[PDB]
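Visitor: I'd like to ask some things about the structure below.
All of the numbers you see were taken from the coordinates with simple rules; none came from a lab. We place every Cβ from the backbone using ideal geometry, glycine too, and count neighbours over all the protein chains shown.
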Amino acid sequence: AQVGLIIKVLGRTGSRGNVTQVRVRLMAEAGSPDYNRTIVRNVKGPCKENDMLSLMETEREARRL
Amino acid sequence: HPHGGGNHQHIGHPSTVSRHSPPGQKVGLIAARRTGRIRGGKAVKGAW
Amino acid sequence: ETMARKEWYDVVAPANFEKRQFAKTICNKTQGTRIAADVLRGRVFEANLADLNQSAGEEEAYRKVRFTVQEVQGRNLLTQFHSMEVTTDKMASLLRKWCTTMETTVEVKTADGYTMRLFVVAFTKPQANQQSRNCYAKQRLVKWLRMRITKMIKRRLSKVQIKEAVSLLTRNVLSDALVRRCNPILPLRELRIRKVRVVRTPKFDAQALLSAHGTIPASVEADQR
Amino acid sequence: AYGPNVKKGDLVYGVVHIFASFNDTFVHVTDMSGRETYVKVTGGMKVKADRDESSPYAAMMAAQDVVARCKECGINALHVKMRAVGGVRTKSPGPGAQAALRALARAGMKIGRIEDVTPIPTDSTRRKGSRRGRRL
Amino acid sequence: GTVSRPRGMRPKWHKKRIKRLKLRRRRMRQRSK
Amino acid sequence: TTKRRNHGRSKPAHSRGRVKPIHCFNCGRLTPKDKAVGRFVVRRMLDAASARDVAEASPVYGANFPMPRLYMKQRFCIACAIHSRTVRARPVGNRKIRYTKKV
RNA sequence: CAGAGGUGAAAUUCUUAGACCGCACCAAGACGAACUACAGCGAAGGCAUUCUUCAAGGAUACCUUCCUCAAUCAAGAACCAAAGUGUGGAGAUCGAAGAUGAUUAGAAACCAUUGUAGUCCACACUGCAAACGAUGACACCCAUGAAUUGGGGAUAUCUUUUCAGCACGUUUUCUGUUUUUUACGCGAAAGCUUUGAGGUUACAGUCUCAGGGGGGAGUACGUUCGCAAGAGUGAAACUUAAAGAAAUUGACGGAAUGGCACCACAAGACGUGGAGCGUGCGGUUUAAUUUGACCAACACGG
Ligand SMILES: [K+]
Ligand SMILES: [Mg+2]
Ligand SMILES: [Mg+2]
Ligand SMILES: [Mg+2]
Ligand SMILES: [Mg+2]
Ligand SMILES: [Mg+2]
Ligand SMILES: [Mg+2]
Ligand SMILES: [Mg+2]
Ligand SMILES: [Mg+2]
Ligand SMILES: [Mg+2]
Ligand SMILES: [Mg+2]
Ligand SMILES: [Mg+2]
Ligand SMILES: [Mg+2]
Ligand SMILES: [Mg+2]
Ligand SMILES: [Mg+2]
Ligand SMILES: [Mg+2]
Ligand SMILES: [Mg+2]
Ligand SMILES: [Mg+2]
Ligand SMILES: [Mg+2]
Ligand SMILES: [Mg+2]
Ligand SMILES: [Mg+2]
Ligand SMILES: [Mg+2]
Ligand SMILES: [Mg+2]
Ligand SMILES: [Mg+2]
Ligand SMILES: [Mg+2]
Ligand SMILES: [Mg+2]
Ligand SMILES: [Mg+2]
C-alpha cells in the first residue's frame, strides 16, 4: 500500500464530476526507486491538495483526459 | 446403357460415379469433385 | 520443457564490422535427421549498424544490416551480408511537403557475383536566397540526376568485391560521392541510400567465406559451464 | 538453468514483437533472426471478456508473463518492434502498445532499439467496405 | 439533405416504376402481336 | 445556393477533370484526394510518463538519443473529419480563413 | 503453443487437425503510399513507380514562309466515367443477387463473416451521369495586391568532375496557363467581377442550342437505332393555384461552443410506489349521487 501525497489537483474529470484527477507524489524513503516519483491518478470523494492516498497499484497511470 | 429406360427420359440415379466403378458402370460424370456452373474462378482441371 | 532441446549459437558478422560476435540464437538439438546445421543455414539476422560499429556516429543508428548464415562452424554462425536498410522512423521523417522526392533503383553485380539493388532516394532543397513557395524540380533534371546516380553506382560497385562494396555502403563513402557529384545538377537537401539488398548470390564458396571472416573469434557455448 | 554460457550480468538480447490491434495485443519474444520464439503471450490469454482483450491492463499482464518466461530462458534485454494492423487497414497502434512496452521496462527488462514496423503498402488493394465506407 | 423537395416521392424510384411499367406493356403487346 | 466558392475541394473549374479517390482513414469512404481532409501527424511512440520509464531502462535511449516517433499522413472523409473534431462548422465569415502551416 | 478473429456487446467464422503470431521466402492479380499542392497535362471522358521506345500537342522564340485560307453551325460523323451486354482471358482484393450471425415490434437494411455476377485485360456493343463551373463557342475593353506553372529578355546567393560554356536561385520585365485576397458595375439575393454573372430599357460584335405555371410525362402511339437493357424523337386527354428561387426572423436538431438549476444529475438522506385508513379524481350505481380543473388537474376551487 504505497502512500502518495497530492501536490496539485488537475480538475474534475468524468461526466458527473464526482471523480477528480490529481497529481500524486509518492512518499517513499530516501534512495528508494520510487523516491520523488509523480503520477496522475483519479480520486473518488472529496480530495484537496496536500491530502494523502493509499495506492494499491502504482504501475497504472490515469489518462490525462 | 445405365441411363436407358423409364417412361420419362431421365437418369434415375446420380450421374456422378465413383473412380472405382467397373467398366460398363463408369458412365456419366466420372469421379467428379463438383457439379453445376462452376461459378467463380475456374480451378485448374486434372490431378494434383 | 521446450528449452531443454535448445542449443545456443553465436552469430558472427564478417571482418569489416567492428563487433564480430553480435547477437545470440537458439536451435533444436539435432534430434536425428533434423540436423541443426542443415536448418540453421539461410537464417537472416537483423542488427543495427550502430551496434556493429561502436565507433560509428549518430547517422549509423538509423541503418539496419541483415546477415545470412552461410555456414555453421561449431557454435559460430558465420554470415554474409544480406541487406541494409534505413529505419522506418528516419525515412518517414525525411519527407517534406513542398519539394519533390526523387527515387532511383540501381542493380549492379560485383566481382564475386552478388547482384544487388540499391534504392537511392533524394530530396530537393530551397536555396538560401530562395523565397519561392515550392522547390519542385524539372523532370529533365530529375532524369539527369537519376542517370548520374545510376552510372556512378554501376561504375564504382562493379569493380570491387562484396566485402568492399559492403564497406562502401556502411561507411557512407559511396553516398558522399553521390551527393557531391549530384548537387551541381540539382540543389539536394539530402541524398541517401534507402535500402540495399542482395538479390542474387554466386555458388557457395567457403574459402571465400573464411577469407571474408578473417580471424574467427571462438565461441564458448559448447564449453563446460 | 537455461541461457547462453555468458558472464553473469551480460546483456542477452531478444526481439519483442508488440502487435497492438484494436481487438487484441500480442507480446511475442523471438531471437534476432525471428525464426525461434521464446514466448508469445496475448492480451486475450489474460482476460475472459472479448472486449477486454485489447485493454491496456491486459497488455500489462501479458508483458509481465513474458518477462517471467524470458527470465527463465536467459533473455534480459529486448529490442522492440511495434506494429499496427497495417496493410490496407488502420495504421494507428492499439491501446495496449504503450502498456506492454512500459510493463516490460518496469519489470526489469532492458530495452534496446525501438522501431515501428507496421506494414506500409506503397500501393494497396481495395480496402474492406463499400465506397460509402462503414456506416454507423 | 443536399436537395430540395422531391414533391411526391423520390423521382429516381418513380422513374424505375415507370420503366418497369413500360417493360410490362411491351411484353403484353408482344404477346398480342 | 452555393455554400463554397471552391465547392469544398481544391479543383478549379479548368484545372483537372478527375482526382483519384482515396479511402478515409477511419471508415474507408472513397473521397477525392483534394477534397479529403489531410493532416500530417507526428505522434510520439510513448507518452511522456511511459517514455521516462523506457528511457530509464534503455541503454540506447536517453537525454542524448531521442526515441522514434510515428509519422502518418491521415486523410479523412468529411463526415469522419467532423465527427473526430478535426474540423468543425464555422461562422460564414470565418469559413474563408485558411492555414498553410501546422500551427 | 491455445486461443485467434470480429463487435456497442456478441455470434455466424477459423483453431492442438497448430489457428493467430514471428522470419525469410514464393505465386498471382490489382495498385502505384508518403512526396500529392485552391499544382501539371488532356477536346471532354480522363491521366501518377523507373527505363527504353512510337507518333504527336501546346506554349515560347523568330526582321522564316503564305496572304483571308476564317468564326459558328440544321443534316451528317467521331470520341465518351461507372454500371450494363457479347466473345475470349483473368480472378489477388473488394463485392449487386444470395446465405448466415447479430440488432429490431417487425428488419427482406445499416454492423459482422461470407458470397455470385461484376471489379482487371483484349476485341466488339451500349452512348442514359450532379458527363457541373449546374455558367455554349469566338472576338474587344476592364481597377488593385500577393503568389503559382511553362518559355523567353536584362542584370545577389549556392553547388560546380560530367546528358554541363551547368543547374538552381535574386531583382525587374514579358507571352501563355490553372488560381487567390481585397474597384467600378451587375444581380431578386446568395453572389460574379480582366477567370464576369460587368461594359443591356442609355436595350444591336458574330454564330448556335435550349425554355415559356405545376403535373399527367419524357408517359401513349408511330417511327429510327440497339443483342438486350434501353436510346433518340415525342403528345394528348385529364388535373391543378400554386410549384419554385434567394434571403429574414423564429422554432426545432438523436449538430457544435460556453455557461447554469437539487421543480436536473452526481454523493447521499428521508420517503412515495407494497398494508390499513383519511381525503380528492375517475369509473360504476343512483331520483340525484350538482359542478370547474386532466409539468401548469386530483387535502385544488381557501
Ligand atoms: K433411366
Ligand atoms: Mg444396366
Ligand atoms: Mg425430356
Ligand atoms: Mg431428362
Ligand atoms: Mg517551382
Ligand atoms: Mg478475440
Ligand atoms: Mg453517423
Ligand atoms: Mg443540411
Ligand atoms: Mg441546403
Ligand atoms: Mg430546384
Ligand atoms: Mg489545362
Ligand atoms: Mg468529373
Ligand atoms: Mg476540403
Ligand atoms: Mg505452422
Ligand atoms: Mg510514388
Ligand atoms: Mg465496366
Ligand atoms: Mg465483361
Ligand atoms: Mg463458350
Ligand atoms: Mg471479404
Ligand atoms: Mg441528359
Ligand atoms: Mg447542364
Ligand atoms: Mg505548364
Ligand atoms: Mg479577380
Ligand atoms: Mg424513350
Ligand atoms: Mg449548485
Ligand atoms: Mg416549470
Ligand atoms: Mg392541490
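Visitor: I'd like the full set of residues that are surrounded by 10 or more Cβ atoms within 10 Å (Cβ to Cβ) and out of contact with any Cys (no Cβ under 7 Å at 6 or more places or on another chain), limited to region F:76-103.
Guide: F:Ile78, F:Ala79, F:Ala81, F:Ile82, F:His83, F:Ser84, F:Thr86, F:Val87, F:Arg90, F:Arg95
Visitor: Give me a count of the residues in region C:1-45 that are assigned to a loop (DSSP other than H, G, I, E, B) and within 9 Å of chain D (Cβ to nearest Cβ).
Guide: Result for region C:1-45: 2.
Visitor: Give all pairs with beta carbons closer than 7 Å in which a residue from region D:117-136 that is closer than 30 Å to C:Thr87 by Cβ meets a residue that is within 16 Å of ligand 15 (Cβ to nearest atom); count only pairs at least 6 apart in sequence or on separate chains.
Guide: Going by the 7 Å Cβ cut-off, there are no qualifying pairs.
Visitor: Let me ask you something else. Would you tally the residues in region D:101-110 being closer than 19 Å to D:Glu72 by Cβ and either touching a residue at least 60 places away in the same chain (Cβ under 8 Å) or in contact with a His (Cβ under 8 Å, 6 or more places away or on another chain) (or both)?
Guide: Selection size over region D:101-110: 2.
Visitor: If F:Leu70 satisfies all but one of (1) touching an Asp or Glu at 6+ places or on another chain (Cβ under 8 Å); (2) at the interface with chain D (Cβ under 9 Å from one of its Cβ atoms); (3) in a loop (DSSP other than H, G, I, E, B), what's the number of the condition it fails?
Guide: In the conditions (1) touching an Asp or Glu at 6+ places or on another chain (Cβ under 8 Å); (2) at the interface with chain D (Cβ under 9 Å from one of its Cβ atoms); (3) in a loop (DSSP other than H, G, I, E, B), F:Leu70 misses (3) alone.
Visitor: So, of the residues in region F:81-99 that are hydrophobic (A, V, I, L, M, F, W, C) and either touching a helix residue (DSSP H, G or I) at 6+ places or on another chain (Cβ under 9 Å) or at the interface with another protein chain (Cβ under 8 Å from one of its Cβ atoms) (or both), which turns out to be nearest to A:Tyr35 (Cα to Cα)?
Guide: Residue satisfying both the conditions and the ranking: F:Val87.
Visitor: Do you know which of the residues in region F:16-62 that are part of a helix (DSSP H, G or I) and among the charged types (D, E, K, R) is nearest to the other protein chains (Cβ to nearest Cβ)?
Guide: F:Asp53
Visitor: Report the residue count in chain E for those that are among the hydrophobic types (A, V, I, L, M, F, W, C), within 6 Å of RNA strand G (Cβ to nearest atom) and either in contact with a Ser or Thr (Cβ under 7 Å, 6 or more places away or on another chain) or more than 14 Å from chain F (Cβ to nearest Cβ) (or both).
Guide: 2
Visitor: Please work out if F:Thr31 is under 27 Å from D:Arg126 (Cβ atoms) and of a type in the set (S, T, N, Q).
Guide: Criteria met by F:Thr31.
Visitor: Then there's this: Quick test of your reading of the structure: D:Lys7 fulfils all but one of (1) crowded, with 19+ Cβ neighbours inside 10 Å; (2) within 12 Å of another protein chain (Cβ to nearest Cβ). Name the failing condition by number.
Guide: For D:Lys7, the failing item is (1).
Visitor: If you don't mind, another one. Considering each of D:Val27, D:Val12 in turn, give the residue that is within 23 Å of D:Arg113 (Cα to Cα), in contact (Cβ under 8 Å) with a residue 40 or more places away in the chain, β-branched (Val, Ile, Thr) and surrounded by fewer than 21 Cβ atoms within 10 Å (Cβ to Cβ).
Guide: D:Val12
Visitor: Scanning for something more than 14 Å from chain F (Cβ to nearest Cβ), touching a residue at least 12 places away in the same chain (Cβ under 8 Å), surrounded by fewer than 21 Cβ atoms within 10 Å (Cβ to Cβ) and of a type outside the set (A, V, I, L, M), does region C:90-98 turn up at least one residue?
Guide: No, because not a single residue in region C:90-98 is more than 14 Å from chain F (Cβ to nearest Cβ), touching a residue at least 12 places away in the same chain (Cβ under 8 Å), surrounded by fewer than 21 Cβ atoms within 10 Å (Cβ to Cβ) and of a type outside the set (A, V, I, L, M).
Visitor: Can you name the residue in region F:20-38 that is among the aliphatic types (A, V, I, L, M) and touching a residue at least 12 places away in the same chain (Cβ under 8 Å) and, of all such residues, is surrounded by the fewest Cβ atoms within 10 Å (Cβ to Cβ)?
Guide: For region F:20-38, the residue satisfying everything is F:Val37.
Visitor: Here is a further query. In region D:83-102, which residue that is more than 7 Å from every other protein chain (Cβ to nearest Cβ) and closer than 14 Å to F:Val54 by Cα is farthest from the chain's Cα centre (by Cα)?
Guide: D:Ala99
Visitor: Mind checking which residues of region C:46-79 are over 12 Å from the mean Cα position of the chain (by Cα) and in a strand (DSSP E or B)?
Guide: C:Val69, C:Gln70, C:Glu71, C:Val72, C:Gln73, C:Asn76, C:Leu77, C:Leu78, C:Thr79
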